[PDB]
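Reproduced below: start22.csv, with CSV, C-alpha atoms and all ligand atoms.
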chain,number,residue,atom,x,y,z
X,2,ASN,CA,106.6,77.5,91.7
X,3,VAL,CA,103.7,79.4,90.3
X,4,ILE,CA,100.9,79.5,92.9
X,5,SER,CA,98.3,81.2,90.7
X,6,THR,CA,97.9,83.3,87.5
X,7,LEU,CA,95.7,86.4,87.1
X,8,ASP,CA,93.0,86.0,84.6
X,9,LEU,CA,93.0,89.4,82.8
X,10,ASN,CA,89.5,88.7,81.5
X,11,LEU,CA,88.5,89.2,85.2
X,12,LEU,CA,90.7,92.2,85.9
X,13,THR,CA,87.7,94.7,86.0
X,14,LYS,CA,85.3,92.3,87.6
X,15,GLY,CA,87.1,91.3,90.8
X,16,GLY,CA,90.0,89.3,89.5
X,17,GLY,CA,88.8,85.9,90.5
X,18,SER,CA,90.9,84.3,93.2
X,19,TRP,CA,93.2,87.3,93.0
X,20,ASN,CA,90.7,89.6,94.8
X,21,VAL,CA,91.4,92.6,92.6
X,22,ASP,CA,90.2,96.1,93.4
X,23,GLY,CA,91.3,99.7,93.2
X,24,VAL,CA,91.2,99.4,89.4
X,25,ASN,CA,92.0,102.4,87.2
X,26,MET,CA,92.5,101.3,83.5
X,27,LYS,CA,92.9,104.9,82.4
X,28,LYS,CA,93.4,104.5,78.6
X,29,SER,CA,94.7,101.0,78.8
X,30,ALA,CA,92.8,97.9,77.9
X,31,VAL,CA,92.7,94.1,78.0
X,32,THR,CA,93.2,92.8,74.5
X,33,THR,CA,95.1,90.2,72.4
X,34,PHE,CA,98.6,90.8,71.2
X,35,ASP,CA,101.1,88.3,69.8
X,36,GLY,CA,98.5,85.6,70.4
X,37,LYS,CA,98.4,86.3,74.1
X,38,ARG,CA,95.8,87.9,76.4
X,39,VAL,CA,97.5,91.2,77.5
X,40,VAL,CA,96.9,94.6,78.9
X,41,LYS,CA,97.9,97.2,76.3
X,42,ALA,CA,99.4,100.0,78.5
X,43,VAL,CA,98.8,103.3,76.9
X,44,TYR,CA,101.2,106.0,77.9
X,45,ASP,CA,100.3,109.4,76.4
X,46,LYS,CA,102.9,112.0,75.7
X,47,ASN,CA,103.6,114.0,78.9
X,48,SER,CA,102.0,111.4,81.1
X,49,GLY,CA,103.5,110.3,84.4
X,50,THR,CA,102.5,111.2,87.9
X,51,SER,CA,99.7,113.6,88.8
X,52,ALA,CA,102.2,116.4,88.1
X,53,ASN,CA,102.0,115.5,84.4
X,54,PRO,CA,98.8,116.2,82.5
X,55,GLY,CA,98.9,113.3,80.0
X,56,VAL,CA,97.0,110.0,80.9
X,57,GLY,CA,99.3,107.0,81.1
X,58,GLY,CA,99.5,103.5,82.4
X,59,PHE,CA,97.0,101.6,84.6
X,60,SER,CA,96.7,100.5,88.1
X,61,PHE,CA,95.1,97.8,90.3
X,62,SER,CA,95.5,96.2,93.8
X,63,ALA,CA,95.3,92.5,94.5
X,64,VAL,CA,95.2,90.3,97.7
X,65,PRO,CA,95.3,86.9,96.0
X,66,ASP,CA,94.1,83.8,97.8
X,67,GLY,CA,97.4,82.0,98.8
X,68,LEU,CA,99.2,85.3,99.5
X,69,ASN,CA,101.9,84.2,102.0
X,70,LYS,CA,102.3,87.1,104.4
X,71,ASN,CA,105.8,86.2,105.3
X,72,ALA,CA,107.3,85.8,101.9
X,73,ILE,CA,105.9,86.0,98.3
X,74,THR,CA,107.0,86.7,94.7
X,75,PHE,CA,105.0,88.5,92.0
X,76,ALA,CA,106.0,88.1,88.3
X,77,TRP,CA,104.9,89.4,84.9
X,78,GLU,CA,106.0,89.7,81.3
X,79,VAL,CA,106.3,93.0,79.3
X,80,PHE,CA,106.7,93.6,75.6
X,81,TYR,CA,108.2,96.9,74.4
X,82,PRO,CA,107.8,97.5,70.7
X,83,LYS,CA,111.0,98.7,69.0
X,84,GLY,CA,111.2,102.5,69.2
X,85,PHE,CA,109.7,102.7,72.7
X,86,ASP,CA,111.4,105.5,74.6
X,87,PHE,CA,112.1,104.5,78.2
X,88,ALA,CA,112.9,108.2,79.3
X,89,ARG,CA,114.5,108.4,82.8
X,90,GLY,CA,112.5,105.6,84.4
X,91,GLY,CA,109.1,104.6,85.6
X,92,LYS,CA,107.2,102.1,87.7
X,93,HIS,CA,105.7,98.7,87.2
X,94,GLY,CA,104.4,97.6,90.6
X,95,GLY,CA,105.3,95.6,93.6
X,96,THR,CA,104.4,94.4,97.1
X,97,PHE,CA,103.2,96.5,100.0
X,98,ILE,CA,103.9,95.7,103.7
X,99,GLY,CA,101.7,96.7,106.5
X,100,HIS,CA,99.3,99.7,106.1
X,101,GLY,CA,99.8,103.3,105.4
X,102,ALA,CA,101.7,105.3,102.8
X,103,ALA,CA,104.9,104.0,101.2
X,104,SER,CA,105.1,105.7,97.8
X,105,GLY,CA,105.0,109.2,96.2
X,106,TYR,CA,107.2,111.0,98.8
X,107,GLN,CA,105.0,109.7,101.5
X,108,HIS,CA,106.3,107.3,104.2
X,109,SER,CA,104.6,105.9,107.2
X,110,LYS,CA,105.6,104.1,110.4
X,111,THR,CA,103.5,101.1,109.6
X,112,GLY,CA,104.0,100.7,105.9
X,113,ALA,CA,106.7,99.8,103.3
X,114,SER,CA,106.9,98.8,99.6
X,115,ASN,CA,109.1,96.8,97.3
X,116,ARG,CA,108.6,97.7,93.6
X,117,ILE,CA,110.1,97.3,90.2
X,118,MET,CA,111.1,100.4,88.3
X,119,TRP,CA,112.5,100.6,84.8
X,120,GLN,CA,115.3,103.0,84.0
X,121,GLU,CA,116.9,104.7,81.1
X,122,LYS,CA,117.6,102.5,78.1
X,123,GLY,CA,115.5,99.7,79.6
X,124,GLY,CA,117.4,99.3,82.9
X,125,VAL,CA,115.7,97.8,85.9
X,126,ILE,CA,116.0,98.6,89.6
X,127,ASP,CA,114.5,97.5,92.9
X,128,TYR,CA,112.8,100.5,94.4
X,129,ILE,CA,112.0,100.5,98.1
X,130,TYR,CA,110.1,102.7,100.5
X,131,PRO,CA,111.2,101.7,104.1
X,132,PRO,CA,109.0,102.5,107.1
X,133,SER,CA,109.4,105.7,109.1
X,134,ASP,CA,111.2,105.5,112.4
X,135,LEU,CA,112.7,102.1,112.0
X,136,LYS,CA,116.3,101.2,112.1
X,137,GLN,CA,118.1,100.0,109.0
X,138,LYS,CA,121.7,99.1,108.4
X,139,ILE,CA,121.7,98.9,104.7
X,140,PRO,CA,123.5,102.1,103.6
X,141,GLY,CA,121.2,104.7,102.2
X,142,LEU,CA,118.0,103.0,103.1
X,143,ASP,CA,116.3,106.0,104.7
X,144,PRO,CA,112.6,106.9,104.9
X,145,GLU,CA,113.1,110.4,103.5
X,146,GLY,CA,112.5,111.9,100.1
X,147,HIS,CA,111.4,109.4,97.5
X,148,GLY,CA,112.2,105.7,97.3
X,149,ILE,CA,115.7,104.1,97.4
X,150,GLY,CA,117.0,102.3,94.3
X,151,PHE,CA,119.1,99.0,94.3
X,152,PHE,CA,120.7,97.0,91.5
X,153,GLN,CA,121.4,100.0,89.3
X,154,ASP,CA,124.6,98.4,87.9
X,155,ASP,CA,123.1,94.9,87.6
X,156,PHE,CA,120.3,95.3,85.1
X,157,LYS,CA,121.6,97.9,82.6
X,158,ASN,CA,119.6,97.7,79.3
X,159,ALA,CA,118.0,94.5,80.6
X,160,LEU,CA,114.6,95.1,79.0
X,161,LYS,CA,114.9,94.2,75.3
X,162,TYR,CA,112.7,95.3,72.4
X,163,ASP,CA,110.2,93.1,70.5
X,164,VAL,CA,110.3,90.3,73.1
X,165,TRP,CA,108.4,89.2,76.2
X,166,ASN,CA,110.7,90.3,79.0
X,167,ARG,CA,110.2,88.3,82.2
X,168,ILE,CA,110.3,90.2,85.5
X,169,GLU,CA,109.9,88.9,89.1
X,170,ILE,CA,110.1,90.7,92.4
X,171,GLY,CA,110.5,88.7,95.6
X,172,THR,CA,109.9,90.0,99.2
X,173,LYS,CA,110.6,88.2,102.5
X,174,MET,CA,109.8,89.7,105.9
X,175,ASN,CA,112.3,90.2,108.6
X,176,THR,CA,111.9,88.0,111.7
X,177,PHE,CA,111.2,89.3,115.2
X,178,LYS,CA,112.9,88.3,118.5
X,179,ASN,CA,110.8,89.4,121.5
X,180,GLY,CA,108.9,91.8,119.2
X,181,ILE,CA,112.2,93.4,117.9
X,182,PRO,CA,112.7,93.4,114.1
X,183,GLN,CA,115.8,91.4,113.2
X,184,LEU,CA,117.3,93.1,110.2
X,185,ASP,CA,117.1,90.0,108.1
X,186,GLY,CA,114.4,90.7,105.6
X,187,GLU,CA,115.1,90.2,101.9
X,188,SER,CA,114.2,91.4,98.4
X,189,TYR,CA,115.1,89.9,95.0
X,190,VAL,CA,114.6,91.0,91.4
X,191,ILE,CA,114.7,88.7,88.4
X,192,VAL,CA,114.8,90.0,84.9
X,193,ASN,CA,115.1,87.5,82.0
X,194,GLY,CA,116.6,84.9,84.3
X,195,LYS,CA,119.2,87.1,86.0
X,196,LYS,CA,118.6,87.3,89.8
X,197,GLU,CA,119.9,89.9,92.3
X,198,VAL,CA,119.3,89.7,96.1
X,199,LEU,CA,119.3,92.3,98.8
X,200,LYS,CA,119.5,91.0,102.4
X,201,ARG,CA,119.3,92.6,105.9
X,202,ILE,CA,116.2,94.6,105.5
X,203,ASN,CA,113.8,95.7,108.3
X,204,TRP,CA,110.4,95.5,106.4
X,205,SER,CA,108.3,96.3,109.4
X,206,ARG,CA,108.3,97.3,113.0
X,207,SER,CA,106.1,94.5,114.4
X,208,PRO,CA,105.1,90.9,113.6
X,209,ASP,CA,101.5,91.9,112.9
X,210,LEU,CA,102.7,94.1,110.0
X,211,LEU,CA,103.4,91.8,107.2
X,212,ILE,CA,103.0,91.5,103.4
X,213,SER,CA,99.6,92.9,102.7
X,214,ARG,CA,98.9,93.3,98.9
X,215,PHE,CA,100.2,93.4,95.4
X,216,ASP,CA,99.9,97.0,94.1
X,217,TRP,CA,100.2,97.5,90.3
X,218,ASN,CA,100.7,101.1,89.1
X,219,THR,CA,102.6,101.6,85.9
X,220,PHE,CA,103.6,105.2,84.8
X,221,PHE,CA,106.6,107.2,83.7
X,222,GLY,CA,108.8,108.9,86.2
X,223,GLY,CA,108.8,110.9,88.2
X,224,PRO,CA,110.2,113.3,87.5
X,225,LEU,CA,110.2,112.8,83.7
X,226,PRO,CA,107.0,112.0,81.9
X,227,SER,CA,106.6,110.0,78.7
X,228,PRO,CA,108.3,111.7,75.8
X,229,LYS,CA,105.8,110.6,73.2
X,230,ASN,CA,102.5,108.7,72.8
X,231,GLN,CA,103.5,105.0,73.1
X,232,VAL,CA,102.3,101.6,74.3
X,233,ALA,CA,103.7,98.5,76.0
X,234,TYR,CA,102.0,95.2,76.7
X,235,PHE,CA,101.8,93.3,79.9
X,236,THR,CA,100.8,89.7,80.4
X,237,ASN,CA,101.1,86.6,82.6
X,238,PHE,CA,100.8,88.2,86.0
X,239,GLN,CA,101.8,85.4,88.4
X,240,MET,CA,102.0,85.0,92.2
X,241,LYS,CA,104.9,82.6,93.0
X,242,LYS,CA,106.6,81.0,95.9
X,243,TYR,CA,109.5,83.0,97.4
F,301,LIG,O1,117.5,107.8,93.7
F,301,LIG,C1,117.4,106.5,93.6
F,301,LIG,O2,117.7,105.7,94.4
F,301,LIG,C2,116.6,106.1,92.3
F,301,LIG,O3,115.6,107.1,92.1
F,301,LIG,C3,114.8,106.8,90.9
F,301,LIG,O4,113.7,107.8,90.9
F,301,LIG,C4,115.6,107.0,89.7
F,301,LIG,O5,114.8,106.7,88.5
F,301,LIG,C5,116.8,106.0,89.8
F,301,LIG,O6,117.7,106.3,88.6
F,301,LIG,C6,117.6,106.2,91.1
F,301,LIG,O7,118.7,105.3,91.2
Just dump the structure as structure tokens.
Amino acid sequence: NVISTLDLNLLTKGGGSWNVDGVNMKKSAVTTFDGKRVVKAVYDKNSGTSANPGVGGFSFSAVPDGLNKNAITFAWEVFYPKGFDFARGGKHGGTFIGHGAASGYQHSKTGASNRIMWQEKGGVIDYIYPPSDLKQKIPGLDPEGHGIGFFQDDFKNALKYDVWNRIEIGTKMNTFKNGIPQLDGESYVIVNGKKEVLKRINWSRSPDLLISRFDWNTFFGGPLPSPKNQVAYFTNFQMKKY
């Protein structure tokens, strides 16, 4: 079900068919590790958001050829060396819907996002920013404050040390009936083969606002930055059928 795979040797020169831009490698770099072509994600002590002075992580945006605007999954693998301190969470990346803000305490009427976060002790959650001024029925899915977490009980200590963890995040748009969003959008998260699904989401307010891009932006927190200088390795970035 893999549609295409990102060539990391093209990450900083347009990404090939992935149509990559918005790149900020920061202190991170494409390299070889464990016989694989990887990004070594460098997270300085006291790095996290712009509130934190350390440099950590890396970011890029992709609009790959073959991006199905109605439903799509993105997948990657991550290696955490033994001793990595996961702190109280951080971001990997995910799918953005529509246009406008949908991250960093900013919401917009036209935009939304579906992202993977890690958690304490290697937990994983689905982390969603829903659009402003759009009905939801899922409890707690409000476009106020920061993003809304799901599957907290479901992936405790799912990310293991000294192994390639496999992560996937699936996003499927709601339908529309006479331009009215139908509260039937979906999200799923897969970590090392275990899948959890969230249904009944309003991902956007109109049928023109659909899945728009893959946004990668890995960093600690907020609000707690990296406790120490440390690294993780990311590889095998895939775009897959929902
Ligand atoms: O408040 C939420 O839904 C989530 O917010 C994130 O920032 C936290 O890392 C996570 O532990 C929460 O469950």
Query raised in the report: Rounded to one decimal in Å, what is the spacing between atom CA of residue 109 of chain X and atom CA of residue 62 of chain X?
Result: 18.9 Å
Report task. For ligand LIG 301 (chain F), list the contacting residues at 7 Å or closer, counting only C-alpha atoms and all ligand atoms, as number ranges by chain. Result -> X: 89-91, 120, 148-151, 153, 222-223
Check which residues of segment 81-169 of chain X sit at most 8 Å from segment 183-207 of chain X using all atoms listed in the file, and return one row each with the closest pair of atoms and their distance in Å to one decimal, ordered by chain and rising number, as a tab-separated table.
residue	atom	partner	partner_atom	distance
X:98	CA	X:204	CA	7.0
X:99	CA	X:205	CA	7.2
X:110	CA	X:206	CA	7.8
X:111	CA	X:205	CA	6.8
X:112	CA	X:205	CA	7.1
X:113	CA	X:204	CA	6.5
X:115	CA	X:188	CA	7.5
X:117	CA	X:190	CA	7.8
X:125	CA	X:192	CA	7.9
X:126	CA	X:190	CA	7.9
X:127	CA	X:190	CA	6.7
X:131	CA	X:204	CA	6.7
X:132	CA	X:205	CA	6.6
X:135	CA	X:206	CA	6.6
X:136	CA	X:203	CA	7.1
X:137	CA	X:203	CA	6.1
X:138	CA	X:201	CA	7.4
X:139	CA	X:201	CA	6.8
X:152	CA	X:197	CA	7.2
X:155	CA	X:197	CA	7.6
X:156	CA	X:192	CA	7.6
X:159	CA	X:192	CA	7.0
X:160	CA	X:192	CA	7.8
X:166	CA	X:193	CA	6.0
X:167	CA	X:193	CA	5.0
X:168	CA	X:192	CA	4.5
X:169	CA	X:191	CA	4.9
Generate the output file for the selected residues, C-alpha atoms, as a tab-separated table (two decimals), in the frame of the given file.
chain	number	residue	atom	x	y	z
X	98	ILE	CA	103.90	95.70	103.70
X	99	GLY	CA	101.70	96.70	106.50
X	110	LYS	CA	105.60	104.10	110.40
X	111	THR	CA	103.50	101.10	109.60
X	112	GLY	CA	104.00	100.70	105.90
X	113	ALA	CA	106.70	99.80	103.30
X	115	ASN	CA	109.10	96.80	97.30
X	117	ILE	CA	110.10	97.30	90.20
X	125	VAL	CA	115.70	97.80	85.90
X	126	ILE	CA	116.00	98.60	89.60
X	127	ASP	CA	114.50	97.50	92.90
X	131	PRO	CA	111.20	101.70	104.10
X	132	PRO	CA	109.00	102.50	107.10
X	135	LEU	CA	112.70	102.10	112.00
X	136	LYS	CA	116.30	101.20	112.10
X	137	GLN	CA	118.10	100.00	109.00
X	138	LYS	CA	121.70	99.10	108.40
X	139	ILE	CA	121.70	98.90	104.70
X	152	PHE	CA	120.70	97.00	91.50
X	155	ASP	CA	123.10	94.90	87.60
X	156	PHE	CA	120.30	95.30	85.10
X	159	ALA	CA	118.00	94.50	80.60
X	160	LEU	CA	114.60	95.10	79.00
X	166	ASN	CA	110.70	90.30	79.00
X	167	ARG	CA	110.20	88.30	82.20
X	168	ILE	CA	110.30	90.20	85.50
X	169	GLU	CA	109.90	88.90	89.10
Query raised in the report: Using only C-alpha atoms, which of the listed residues (X:219, X:104, X:18, X:51) sits closest to residue 145 of chain X?
Result: X:104
Query - Test item: residues at most 6 Å from residue 39 of chain X, only C-alpha atoms, excluding those fewer than 4 positions along its chain, as JSON, numbers by chain - result: {"X": [31, 32, 33, 235, 236]}
Query raised in the report: Which is closer to residue 79 of chain X than all the others in X:170, X:40, X:181, X:118, using only C-alpha atoms?
Result: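 Among X:170, X:40, X:181, X:118, it is X:40 that comes nearest to residue 79 of chain X.
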Report summary line: If you count all atoms listed in the file, the residue of X:76, X:64, X:103, X:211 closest to residue 22 of chain X turns out to be X:64
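One distance worth recording is that between atom CA of residue 224 of chain X and atom CA of residue 57 of chain X, which is 14.1 Å.
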Report task. Might you pull out every residue within 8 Å of residue 17 of chain X, with all atoms listed in the file counted and same-chain residues fewer than 5 positions away left off, and present them as number ranges by chain? Result -> X: 7-8, 11
Query raised in the report: Quick one: distance from atom CA of residue 37 of chain X to atom CA of residue 161 of chain X in Å, one decimal?
Result: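 Going from atom CA of residue 37 of chain X over to atom CA of residue 161 of chain X covers 18.3 Å.
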Requested in this report: Can you work out which one of X:2, X:67, X:163, X:229 has the shortest atom-to-atom distance to residue 34 of chain X, counting all atoms listed in the file?
Outcome: X:163
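Take the candidates X:85, X:123, X:232, X:19 and check each one against residue 68 of chain X using all atoms listed in the file; the shortest distance goes to X:19.
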Report task. May I ask which of the residues X:143, X:86, X:78, X:216 is the closest one to residue 237 of chain X, counting only C-alpha atoms? Result -> X:78
